[PDB]
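What follows is a single structure, written as structure tokens, with notes after it.
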Amino acid sequence: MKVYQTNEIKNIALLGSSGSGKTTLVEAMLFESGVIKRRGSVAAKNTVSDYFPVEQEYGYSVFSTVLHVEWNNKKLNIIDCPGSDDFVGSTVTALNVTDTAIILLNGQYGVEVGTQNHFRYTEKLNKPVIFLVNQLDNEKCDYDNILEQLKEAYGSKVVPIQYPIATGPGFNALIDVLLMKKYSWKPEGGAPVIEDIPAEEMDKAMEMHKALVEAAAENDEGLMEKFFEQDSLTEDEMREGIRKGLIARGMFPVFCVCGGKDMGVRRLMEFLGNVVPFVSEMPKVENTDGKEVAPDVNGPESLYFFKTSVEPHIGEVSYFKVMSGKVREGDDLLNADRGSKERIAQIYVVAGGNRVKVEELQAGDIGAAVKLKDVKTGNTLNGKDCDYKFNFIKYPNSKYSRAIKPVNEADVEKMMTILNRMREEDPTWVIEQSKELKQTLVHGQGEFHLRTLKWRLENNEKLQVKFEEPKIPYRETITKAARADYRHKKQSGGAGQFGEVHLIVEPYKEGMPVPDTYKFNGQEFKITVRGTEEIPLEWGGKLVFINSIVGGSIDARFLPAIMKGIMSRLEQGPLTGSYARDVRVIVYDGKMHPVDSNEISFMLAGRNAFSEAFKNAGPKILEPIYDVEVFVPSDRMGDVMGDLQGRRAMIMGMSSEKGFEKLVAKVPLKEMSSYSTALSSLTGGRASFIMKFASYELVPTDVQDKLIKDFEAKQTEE
Ligand SMILES: Nc1nc2c(ncn2[C@@H]2O[C@H](COP(=O)(O)OP(=O)(O)OP(=O)(O)O)[C@@H](O)[C@H]2O)c(=O)[nH]1
Ligand SMILES: [Mg+2]
């Protein structure tokens, strides 16, 4: 439909805890915009915002939705996040793409922990925040109570903008303070009455109006003659002052609304359209190369694609935000990655579900295209002159993982296909195929996240899968040096296959001086360094073959045979464990036969000698250790330290700040297969953690003995 200038386009992302009456409020905006006819109810599951089958099946939103609402010369790009704790990826994508964040407060519950999580996310992403109160129709609500709760929760920089009078089911009016008005509605709701406030609330109205204008002046001093001295500049420049304060997060406004009764949603529309940071008036995004990318109509034609909703019967719709320039139907756009020079077609502006075709899209706006071929999530499409490969969006580390497998080992290709399709659906569904582990790894954000994926596989497509606990990457090694001796000769086949290998194994460190004397078994030996070569391992670790050939006792021409034997024994551990690392090998004695010396003899000799050397040496198992950064309030510091102590953890350091204390610990992955669920249960979901690999380390005797016993228990079947 009608094209809008970038100066009249705003991007808004709603944020709030579950059970906050937000998605409904979205239907309130859709109904009052006139784009839809009736105002549906989430109970009836007829809401336009909820169309994914799981989204109405669960009774709450699962994916973030994008939609447009039109008003007087202003159109708002409303993005409704799922609002749950385990759908962080949609929220962070919305924050990265949007311009401003909105927080909705439930009057019944007041400030909730999900509100804290969303506030932390937007603080990390540095976006403006406006507070809002929902559910004023519930008796279990007190505007003063939530006001003081938020006063004592965050800084004094915040300030309310409206003063509701009635409460609970009897709510039929409220007072606007920014514009100095009182609003009332019919019991049906929808038509505000701009009748002025009575003199009863005149005193408090003036008090909080003076407080608000003083706060706005402190946000930015406009130097106008009466601005901070006498009174505010009515309301016209108050919007600009509020926006400027929101630029630096110097003030967070507070609003109230009733979703069911539609109390003053028009007031919200007017306020949001009036005051909000502009698309250009915000800290501009950089590119991968670090060159500034200022959104402008006169700029080149580049597009970035983030959302790839694949809801059935509506097509593989792919949204996108216009980074710079414009876009027209029929244009040919280059693809930054796996470039194919995609030729575009009829574009559509979608209000969620139903979409409306549009002719031209300006920079800094969200559009949607269909029937694409080589466009995936995170891929960006650009013109010929504008080489951009935008990768400015970062997602939180996968806090949970599980191994997937269908009920029948006959649809592996279907697993790959649909799992990839879901990957694009939300990049958080990190899919990985560990070739060494022979398992397909799925990384999510929690138990409920994987439950959601399981439902989408089972019901949306009628596909059967199971979840199994992922395998653990174990690496073996040695600690005690030992002497390995072997002699080989086989006349049963062809040549004599003569072989004689004598070698010593030793754990390798970064700077050992490799001493030349080793008194083992009442026998000392002398080692002479002639050729030093280090061969690294692709699975990590290093191997060294400092030779000790006695003045040419064994020809170096056969050394690759010993090396091939060594790695052929090495790639399989003598016990359970994929490989071994940090092993220093010294070979001293050997014999050479003019006709019976051959490479296969040294193959077998090295293999068996190294196997029996590991048998003689002390085998040890190394468990991967992942650093954990728990961000938890002090009320559960004892519980978390006790749980970690029960999780064979090593305390590193406790950080102190505000009310949440950061924790550092070295923790084995073996007991972290379900750590996120336990942490969420203990802290009520009030804490998060970050995982990252550090260094393999040793394990106690009991766990390795159990692992070995299970290894032969499994092997006994074959
Ligand atoms: N009593 C009452 N309840 C409301 C009102 N508005 C919303 N709700 C409640 O809000 C619930 C739906 O929550 P949503 O609006 O979808 O917000 P959410 O918690 O983030 O859920 P999703 O966005 O769908 O994930 C409904 O079951 C209603 O009970 C209202 O005006 N009055
Ligand atoms: Mg909602």
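Residue numbering restarts at 1 for every chain of the structure tokens, chains are lettered A, B, ... in their displayed order, and ligands are numbered from 1 as they appear.
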Inset, instruction - Set the cut-off to 12 Å, count only C-alpha atoms and all ligand atoms, and list whatever residues fall near ligand 2 as a ChimeraX atom specification. - result: /A:14-28,41-42,47,49-50,55-56,59-65,79-84,103-106,134,259
Mind dumping the selected residues with N, CA and C atoms as a compact mmCIF listing (two decimals), in the first residue's frame?
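The resulting file, part00.txt, is reproduced below:
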# COMPACT_ATOMS: atom_id res chain seq x y z
N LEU A 14 7.91 -5.31 21.69
CA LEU A 14 7.29 -5.49 22.99
C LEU A 14 8.01 -6.57 23.78
N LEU A 15 8.19 -6.32 25.08
CA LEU A 15 8.82 -7.28 25.97
C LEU A 15 8.01 -7.39 27.25
N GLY A 16 7.90 -8.61 27.76
CA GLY A 16 7.17 -8.84 28.99
C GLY A 16 7.17 -10.30 29.41
N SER A 17 6.93 -10.55 30.69
CA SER A 17 6.88 -11.92 31.18
C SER A 17 5.62 -12.62 30.66
N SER A 18 5.63 -13.95 30.78
CA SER A 18 4.46 -14.72 30.39
C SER A 18 3.28 -14.39 31.30
N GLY A 19 2.08 -14.50 30.75
CA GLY A 19 0.88 -14.13 31.49
C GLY A 19 0.79 -12.65 31.79
N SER A 20 1.20 -11.80 30.85
CA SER A 20 1.18 -10.36 31.05
C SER A 20 0.13 -9.66 30.21
N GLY A 21 -0.64 -10.39 29.41
CA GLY A 21 -1.64 -9.78 28.55
C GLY A 21 -1.07 -8.89 27.47
N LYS A 22 0.05 -9.31 26.87
CA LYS A 22 0.69 -8.50 25.80
C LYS A 22 0.15 -8.90 24.43
N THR A 23 0.32 -10.16 24.03
CA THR A 23 -0.13 -10.59 22.68
C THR A 23 -1.57 -10.12 22.48
N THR A 24 -2.39 -10.19 23.53
CA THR A 24 -3.78 -9.66 23.44
C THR A 24 -3.70 -8.18 23.08
N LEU A 25 -3.04 -7.39 23.91
CA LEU A 25 -2.88 -5.98 23.58
C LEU A 25 -2.51 -5.79 22.12
N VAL A 26 -1.72 -6.71 21.56
CA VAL A 26 -1.41 -6.64 20.14
C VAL A 26 -2.69 -6.72 19.31
N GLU A 27 -3.57 -7.65 19.66
CA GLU A 27 -4.86 -7.72 18.99
C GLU A 27 -5.67 -6.45 19.20
N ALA A 28 -5.50 -5.79 20.35
CA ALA A 28 -6.18 -4.52 20.57
C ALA A 28 -5.70 -3.47 19.57
N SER A 41 -10.16 -13.22 20.83
CA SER A 41 -9.65 -13.56 22.15
C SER A 41 -8.72 -14.76 22.04
N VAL A 42 -7.66 -14.76 22.85
CA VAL A 42 -6.70 -15.86 22.83
C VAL A 42 -7.37 -17.16 23.27
N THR A 47 -7.08 -15.18 17.30
CA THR A 47 -6.26 -13.98 17.21
C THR A 47 -5.35 -14.05 16.00
N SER A 49 -2.47 -12.52 15.60
CA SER A 49 -1.07 -12.64 15.97
C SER A 49 -0.67 -14.09 16.22
N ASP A 50 -1.62 -14.93 16.62
CA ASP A 50 -1.35 -16.34 16.91
C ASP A 50 -1.89 -17.18 15.76
N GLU A 55 1.41 -22.23 18.49
CA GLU A 55 1.20 -20.97 19.20
C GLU A 55 -0.18 -20.93 19.84
N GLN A 56 -1.21 -21.41 19.14
CA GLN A 56 -2.51 -21.56 19.79
C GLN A 56 -2.64 -22.88 20.54
N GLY A 59 -1.45 -22.14 23.93
CA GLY A 59 -2.15 -21.05 24.57
C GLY A 59 -1.34 -19.79 24.74
N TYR A 60 -0.12 -19.74 24.21
CA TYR A 60 0.69 -18.54 24.28
C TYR A 60 1.62 -18.50 23.07
N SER A 61 2.14 -17.31 22.79
CA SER A 61 3.01 -17.12 21.64
C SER A 61 4.31 -17.89 21.80
N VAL A 62 4.77 -18.47 20.70
CA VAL A 62 5.99 -19.27 20.67
C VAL A 62 7.10 -18.56 19.91
N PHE A 63 6.77 -17.96 18.78
CA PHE A 63 7.73 -17.23 17.96
C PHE A 63 7.43 -15.74 18.02
N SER A 64 8.48 -14.94 17.85
CA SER A 64 8.29 -13.50 17.70
C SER A 64 7.58 -13.22 16.38
N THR A 65 6.62 -12.29 16.42
CA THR A 65 5.85 -11.93 15.25
C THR A 65 6.11 -10.47 14.89
N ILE A 79 6.91 -5.54 16.90
CA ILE A 79 7.43 -6.90 17.00
C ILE A 79 7.11 -7.41 18.39
N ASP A 80 6.34 -8.49 18.46
CA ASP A 80 5.91 -9.07 19.73
C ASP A 80 6.77 -10.30 20.02
N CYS A 81 7.65 -10.19 21.00
CA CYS A 81 8.48 -11.31 21.40
C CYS A 81 7.62 -12.38 22.08
N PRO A 82 8.07 -13.63 22.07
CA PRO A 82 7.31 -14.68 22.76
C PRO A 82 7.13 -14.41 24.24
N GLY A 83 8.05 -13.68 24.87
CA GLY A 83 7.90 -13.29 26.25
C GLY A 83 8.17 -14.37 27.27
N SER A 84 8.73 -15.50 26.86
CA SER A 84 9.07 -16.57 27.78
C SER A 84 10.57 -16.59 28.05
N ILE A 103 8.14 -2.49 27.91
CA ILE A 103 7.95 -3.45 28.98
C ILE A 103 6.52 -3.30 29.50
N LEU A 104 5.80 -4.42 29.56
CA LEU A 104 4.44 -4.45 30.08
C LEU A 104 4.44 -5.09 31.46
N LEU A 105 3.80 -4.42 32.42
CA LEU A 105 3.77 -4.88 33.80
C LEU A 105 2.38 -5.39 34.14
N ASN A 106 2.31 -6.60 34.69
CA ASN A 106 1.04 -7.15 35.14
C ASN A 106 0.71 -6.60 36.52
N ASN A 134 -0.34 -3.43 32.61
CA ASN A 134 -1.49 -4.12 32.06
C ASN A 134 -2.36 -4.65 33.20
N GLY A 259 -6.27 -4.39 28.43
CA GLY A 259 -6.39 -5.08 27.15
C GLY A 259 -7.81 -5.53 26.85
Inset, instruction - Pick out the residues sitting within 9 Å of range 387-389 of chain A, and hand them over as a count of residues only; count only C-alpha atoms, and ignore anything fewer than 2 positions along from it in its own chain. - result: 17
Could you give me, as a Markdown table, every range 349-459 of chain A residue with an atom at most 12 Å from range 315-330 of chain A, plus its closest atom pair and distance in Å to one decimal, counting only C-alpha atoms, rows ordered by chain then number?
| residue | atom | partner | partner_atom | distance |
| --- | --- | --- | --- | --- |
| A:349 | CA | A:319 | CA | 9.0 |
| A:350 | CA | A:319 | CA | 8.7 |
| A:351 | CA | A:319 | CA | 11.3 |
| A:352 | CA | A:317 | CA | 10.5 |
| A:353 | CA | A:317 | CA | 9.7 |
| A:354 | CA | A:317 | CA | 11.0 |
| A:355 | CA | A:317 | CA | 9.9 |
| A:357 | CA | A:329 | CA | 10.6 |
| A:358 | CA | A:329 | CA | 9.2 |
| A:359 | CA | A:328 | CA | 6.7 |
| A:360 | CA | A:328 | CA | 5.4 |
| A:361 | CA | A:326 | CA | 5.5 |
| A:362 | CA | A:326 | CA | 4.7 |
| A:363 | CA | A:322 | CA | 4.7 |
| A:364 | CA | A:322 | CA | 5.0 |
| A:365 | CA | A:321 | CA | 5.3 |
| A:366 | CA | A:321 | CA | 4.3 |
| A:367 | CA | A:320 | CA | 5.4 |
| A:368 | CA | A:319 | CA | 4.1 |
| A:369 | CA | A:318 | CA | 5.5 |
| A:370 | CA | A:317 | CA | 5.1 |
| A:371 | CA | A:316 | CA | 6.9 |
| A:372 | CA | A:318 | CA | 8.0 |
| A:373 | CA | A:316 | CA | 10.3 |
| A:374 | CA | A:318 | CA | 11.5 |
| A:375 | CA | A:318 | CA | 8.5 |
| A:376 | CA | A:318 | CA | 8.6 |
| A:377 | CA | A:318 | CA | 8.7 |
| A:378 | CA | A:320 | CA | 10.0 |
| A:379 | CA | A:320 | CA | 10.1 |
| A:380 | CA | A:320 | CA | 8.9 |
| A:381 | CA | A:320 | CA | 9.8 |
| A:382 | CA | A:323 | CA | 9.4 |
| A:383 | CA | A:327 | CA | 10.0 |
| A:386 | CA | A:324 | CA | 9.7 |
| A:388 | CA | A:323 | CA | 10.1 |
| A:389 | CA | A:323 | CA | 11.5 |
| A:390 | CA | A:323 | CA | 9.6 |
| A:421 | CA | A:316 | CA | 9.9 |
| A:422 | CA | A:316 | CA | 11.5 |
| A:424 | CA | A:318 | CA | 10.0 |
| A:425 | CA | A:318 | CA | 9.6 |
Inset, instruction - Pull the strand (DSSP E or B) assignments for range 344-462 of chain A out of DSSP run on the backbone, and list those residues as an MDAnalysis selection string. - result: chainID A and resid 347:350 355:358 360:362 366:369 380:382 400:406 430:434 439:444
Inset, instruction - Excluding residue 247 in chain A and any residue of its chain fewer than 6 positions from it, enumerate the residues within 12 Å of it, using only C-alpha atoms, and give them as a ChimeraX atom specification. - result: /A:99-101,126-130,219-220,240-241,275-279,281-283
Inset, instruction - Would you mind listing what lies within 9 Å of range 491-504 of chain A as a ChimeraX atom specification, with only C-alpha atoms counted and same-chain residues fewer than 2 positions away left out? - result: /A:481-489,506,562,584-593,595-602,604-606,609-610,613
Could you please take those selected residues and save C-alpha atoms as an mmCIF file, in the first residue's frame?
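Contents of again-v4.cif, as written:
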data_model
loop_
_atom_site.group_PDB
_atom_site.id
_atom_site.type_symbol
_atom_site.label_atom_id
_atom_site.label_comp_id
_atom_site.auth_asym_id
_atom_site.auth_seq_id
_atom_site.Cartn_x
_atom_site.Cartn_y
_atom_site.Cartn_z
ATOM 1 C CA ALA A 481 57.024 -43.459 31.668
ATOM 2 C CA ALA A 482 57.618 -47.062 30.634
ATOM 3 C CA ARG A 483 59.910 -49.084 28.384
ATOM 4 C CA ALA A 484 58.467 -50.840 25.338
ATOM 5 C CA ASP A 485 60.392 -53.635 23.618
ATOM 6 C CA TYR A 486 59.331 -55.771 20.670
ATOM 7 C CA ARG A 487 60.851 -57.914 17.925
ATOM 8 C CA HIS A 488 59.005 -59.029 14.789
ATOM 9 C CA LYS A 489 59.582 -61.632 12.075
ATOM 10 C CA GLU A 506 56.610 -40.366 28.243
ATOM 11 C CA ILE A 562 57.344 -46.350 12.754
ATOM 12 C CA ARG A 584 56.498 -37.980 23.961
ATOM 13 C CA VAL A 585 58.057 -41.023 22.281
ATOM 14 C CA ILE A 586 61.744 -41.982 22.198
ATOM 15 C CA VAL A 587 63.055 -44.876 20.085
ATOM 16 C CA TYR A 588 66.596 -46.123 20.674
ATOM 17 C CA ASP A 589 67.238 -49.732 19.610
ATOM 18 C CA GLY A 590 66.472 -51.544 16.376
ATOM 19 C CA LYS A 591 67.833 -54.025 13.864
ATOM 20 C CA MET A 592 67.763 -53.937 10.064
ATOM 21 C CA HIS A 593 67.696 -56.952 7.740
ATOM 22 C CA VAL A 595 65.991 -58.590 2.636
ATOM 23 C CA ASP A 596 63.556 -59.149 5.511
ATOM 24 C CA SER A 597 63.146 -55.478 6.504
ATOM 25 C CA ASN A 598 59.855 -54.087 5.202
ATOM 26 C CA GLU A 599 57.370 -51.391 6.135
ATOM 27 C CA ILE A 600 54.586 -53.782 7.191
ATOM 28 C CA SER A 601 56.867 -55.365 9.791
ATOM 29 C CA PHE A 602 57.343 -51.938 11.356
ATOM 30 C CA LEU A 604 52.866 -54.293 13.238
ATOM 31 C CA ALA A 605 55.872 -53.785 15.524
ATOM 32 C CA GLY A 606 55.053 -50.158 16.282
ATOM 33 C CA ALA A 609 54.782 -52.156 21.031
ATOM 34 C CA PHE A 610 52.868 -48.914 21.559
ATOM 35 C CA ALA A 613 53.530 -49.526 26.259
#
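Picture a line from atom 1 (N, counted along the ligand's line) of ligand 1 to CA of residue 39 in chain A; it runs 15.1 Å.
Residues lying within 8 Å of residue 88 in chain A, counting only C-alpha atoms and ignoring same-chain neighbours fewer than 3 positions away, are residues 84, 85, 91, 92, 396 and 445 of chain A.
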Selection file, N, CA and C atoms, as a short mmCIF file (atom, residue, chain, number, x, y, z; two decimals), in the first residue's frame:
data_model
loop_
_atom_site.label_atom_id
_atom_site.label_comp_id
_atom_site.auth_asym_id
_atom_site.auth_seq_id
_atom_site.Cartn_x
_atom_site.Cartn_y
_atom_site.Cartn_z
N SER A 84 8.73 -15.50 26.86
CA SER A 84 9.07 -16.57 27.78
C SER A 84 10.57 -16.59 28.05
N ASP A 85 10.95 -17.35 29.07
CA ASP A 85 12.35 -17.43 29.48
C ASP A 85 13.21 -18.27 28.55
N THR A 91 13.71 -12.88 21.16
CA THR A 91 13.78 -11.58 21.83
C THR A 91 15.03 -10.81 21.42
N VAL A 92 16.18 -11.49 21.38
CA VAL A 92 17.42 -10.79 21.05
C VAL A 92 17.43 -10.38 19.58
N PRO A 396 22.88 -15.63 22.50
CA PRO A 396 23.45 -16.18 23.73
C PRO A 396 23.91 -17.62 23.53
N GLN A 445 18.03 -23.79 24.37
CA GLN A 445 18.13 -22.84 25.47
C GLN A 445 17.51 -23.36 26.76
#
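Counting from CA of residue 442 in chain A, the distance to CA of residue 404 in chain A is 6.6 Å.
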Legend entry - Separation of CA of residue 218 in chain A from CA of residue 177 in chain A, in Å and rounded to one decimal: 18.0 Å
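The residue that comes closest to ligand 1, out of A:32, A:229, A:237, A:112 and on the basis of only C-alpha atoms and all ligand atoms, is A:112.
If only C-alpha atoms are the atoms counted, then among A:706, A:38, A:686, A:615 the closest residue to residue 116 in chain A is A:686.
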Legend entry - Polymer residues at most 8 Å from residue 659 in chain A, only C-alpha atoms, same-chain spacing of 3 or more positions, as a VMD selection string: chain A and resid 633 to 634 656
Output the selection as a CSV table (one decimal), in the first residue's frame - N, CA, C and O atoms for each residue.
chain,number,residue,atom,x,y,z
A,633,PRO,N,21.4,-14.1,42.2
A,633,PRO,CA,21.2,-13.2,43.4
A,633,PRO,C,21.8,-13.9,44.7
A,633,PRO,O,22.0,-15.2,44.7
A,634,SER,N,22.1,-13.1,45.6
A,634,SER,CA,22.8,-13.6,46.9
A,634,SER,C,21.9,-14.5,47.7
A,634,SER,O,22.4,-15.2,48.5
A,656,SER,N,30.9,-9.6,43.5
A,656,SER,CA,29.9,-8.9,44.3
A,656,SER,C,29.5,-7.6,43.5
A,656,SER,O,30.3,-6.8,43.2
Inset, instruction - For residue 449 in chain A, work out the shell of residues within 9 Å, counting only C-alpha atoms and skipping chain neighbours fewer than 5 positions away, then give it as a PyMOL selection string. - result: chain A and resi 86-87+429+444+454
Inset, instruction - Return as a ChimeraX atom specification the full set of residues in range 211-391 of chain A whose backbone-based DSSP assignment is helix (DSSP H, G or I). - result: /A:211-219,236-247,265-274
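Of the listed residues A:239, A:557, A:620, A:118, the one whose atoms come nearest to residue 253 in chain A is A:239, with distances taken using only C-alpha atoms.
Compared by their closest atoms to ligand 1, and using only C-alpha atoms and all ligand atoms, the residues A:261, A:209, A:186, A:648 rank with A:261 nearest.
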